[PDB]
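Heads up: the structure comes next, in structure tokens.
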Amino acid sequence: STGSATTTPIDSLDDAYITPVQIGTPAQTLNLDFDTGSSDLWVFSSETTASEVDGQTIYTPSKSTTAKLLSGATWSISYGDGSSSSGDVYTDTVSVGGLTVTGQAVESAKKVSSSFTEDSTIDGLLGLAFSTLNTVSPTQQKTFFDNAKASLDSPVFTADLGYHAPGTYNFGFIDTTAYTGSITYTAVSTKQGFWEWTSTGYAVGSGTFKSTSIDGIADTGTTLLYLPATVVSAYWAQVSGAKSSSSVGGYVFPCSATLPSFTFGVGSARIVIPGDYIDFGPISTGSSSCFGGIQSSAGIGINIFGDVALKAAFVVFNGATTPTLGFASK
């Protein structure tokens, strides 16, 4: 089997992407944030504290003939941005782009933090990291991908995120028309539960390539590119007037600037992030100070190849017995 779904930016800055997901019988369609940095599929629901719902579409398990309470199971998660949610668990039928899993744990939110409430466009998350990170207790549950894997034509999914435009998540096959040149595959460590890999270096604009190992995760649920402070300093030093602002919370730059590109290495191959991808616009409405899309990972404790990086590539998440990551230009 295969699946293919379109994923759409939630706003004009590509702050995140939502992908329609069918849950239950009859189908209830929720727009979820596909997140290769976490491993819970959780949804706004009929159980969510009413004051914490503001425009989201909810899952109502009592209207699904295939929903079953997973008795005793609870969940609770906190993300790298400080947001969080928690609740109980149903199993139900879940389909993405024609691909169906029966008995998928659907984690029903009783509580969500303010940032989820404030984002009316995201109805929940669908995690695609490794199931070892799943927070369901006392019986850990599998991701949608994990559940689907054996039935897939090939044990893979691919992320093809657009820049200010829709893209595609595919399950079970590699669309050879969706990228240019060849796909370069690189080793993954699952020891932290993430799609963790090592980039072979970077260049800034037309500058020379610096060979240097950068350990990081491929994370579709993170907006920006977070890298070591040395690398980030080297990038922003090429932008006149750019500076790190503690008050704002990162590197800002004059909105009048033309940003240089940023290249990262995948083995002997190179992925180029155009400078426009690194512009996240005025720090506040009408400001002439703009927020940068490359930020320091210092104090995160890990480097994150978020959407800024991943949307410059066609990315294969290979879930074979020995998992690997593939990157192609597009």
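Chain labels A, B, ... are given in the sequence in which chains occur in the structure tokens; within each chain residues are numbered consecutively from 1, and ligands are likewise numbered from 1 in the order shown.
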
Inset, instruction - Do a neighbour search on residue 252 of chain A at 12 Å with only C-alpha atoms, toss out local chain neighbours closer than 6 positions, and write the hits as a count of residues only. - result: 29

Can you list every residue of segment 297-326 of chain A that has an atom at most 12 Å from segment 179-185 of chain A, with its nearest atom pair and the distance in Å to one decimal, using only C-alpha atoms, ordered by chain then number, as JSON lines?
{"residue": "A:311", "atom": "CA", "partner": "A:179", "partner_atom": "CA", "distance": 12.0}
{"residue": "A:312", "atom": "CA", "partner": "A:179", "partner_atom": "CA", "distance": 10.6}
{"residue": "A:313", "atom": "CA", "partner": "A:179", "partner_atom": "CA", "distance": 8.0}
{"residue": "A:314", "atom": "CA", "partner": "A:179", "partner_atom": "CA", "distance": 6.1}
{"residue": "A:315", "atom": "CA", "partner": "A:183", "partner_atom": "CA", "distance": 8.4}
{"residue": "A:316", "atom": "CA", "partner": "A:185", "partner_atom": "CA", "distance": 8.3}
{"residue": "A:317", "atom": "CA", "partner": "A:185", "partner_atom": "CA", "distance": 9.7}
{"residue": "A:318", "atom": "CA", "partner": "A:185", "partner_atom": "CA", "distance": 9.2}
{"residue": "A:323", "atom": "CA", "partner": "A:185", "partner_atom": "CA", "distance": 10.2}
{"residue": "A:324", "atom": "CA", "partner": "A:185", "partner_atom": "CA", "distance": 6.5}
{"residue": "A:325", "atom": "CA", "partner": "A:185", "partner_atom": "CA", "distance": 5.4}
{"residue": "A:326", "atom": "CA", "partner": "A:185", "partner_atom": "CA", "distance": 4.1}

Inset, instruction - Please indicate the distance in Å from atom CA of residue 142 of chain A to atom CA of residue 199 of chain A, rounded to one decimal place. - result: 28.3 Å

Inset, instruction - For residue 44 of chain A, list every protein, DNA or RNA residue within 8 Å, evaluated using only C-alpha atoms, and leave out those in the same chain fewer than 4 positions away; present the list as a PyMOL selection string. - result: chain A and resi 48+53+56-59+108-109+123-124

Legend entry - DSSP-assigned helix (DSSP H, G or I) members of segment 83-209 of chain A, reported as a VMD selection string: chain A and resid 114 to 118 131 to 133 144 to 151

Legend entry - Selection: 8 Å around residue 210 of chain A, only C-alpha atoms, excl. self and same-chain fewer than 5 positions, as JSON, numbers by chain: {"A": [201, 202, 203]}

Hey, can you spit out that residue selection with N, CA, C and O atoms as a PDB file, in the first residue's frame?
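The resulting file, out16.pdb, is reproduced below:
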ATOM      1  N   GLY A 201      28.987  19.551   6.713  1.00  0.00           N
ATOM      2  CA  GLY A 201      29.472  20.917   6.779  1.00  0.00           C
ATOM      3  C   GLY A 201      28.509  21.955   6.224  1.00  0.00           C
ATOM      4  O   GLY A 201      27.319  21.683   6.013  1.00  0.00           O
ATOM      5  N   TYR A 202      29.028  23.148   5.954  1.00  0.00           N
ATOM      6  CA  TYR A 202      28.175  24.238   5.516  1.00  0.00           C
ATOM      7  C   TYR A 202      28.949  25.278   4.702  1.00  0.00           C
ATOM      8  O   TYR A 202      30.181  25.390   4.779  1.00  0.00           O
ATOM      9  N   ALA A 203      28.218  26.030   3.893  1.00  0.00           N
ATOM     10  CA  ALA A 203      28.761  27.250   3.304  1.00  0.00           C
ATOM     11  C   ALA A 203      27.765  28.379   3.498  1.00  0.00           C
ATOM     12  O   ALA A 203      26.571  28.131   3.633  1.00  0.00           O
TER      13      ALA A 203
END

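Residues with any atom within 6 Å of residue 196 of chain A, counting only C-alpha atoms and excluding same-chain neighbours fewer than 4 positions away, are residues 188, 189, 216 and 217 of chain A.
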
Could the residues in this selection be written to a file with C-alpha atoms, as a JSON list (two decimals), in the first residue's frame?
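Here's the written file part.json:
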[["chain", "number", "residue", "atom", "x", "y", "z"],
["A", 188, "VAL", "CA", 20.77, 7.67, 11.27],
["A", 189, "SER", "CA", 21.09, 7.14, 15.00],
["A", 216, "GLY", "CA", 21.36, 17.12, 14.22],
["A", 217, "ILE", "CA", 17.77, 15.96, 13.82]]

Inset, instruction - From a DSSP calculation on the backbone, collect every residue of segment 1-128 of chain A in strand (DSSP E) and output the set as a PyMOL selection string. - result: chain A and resi 3-9+17-23+28-35+41-43+68-78+84-96+99-112+124-127
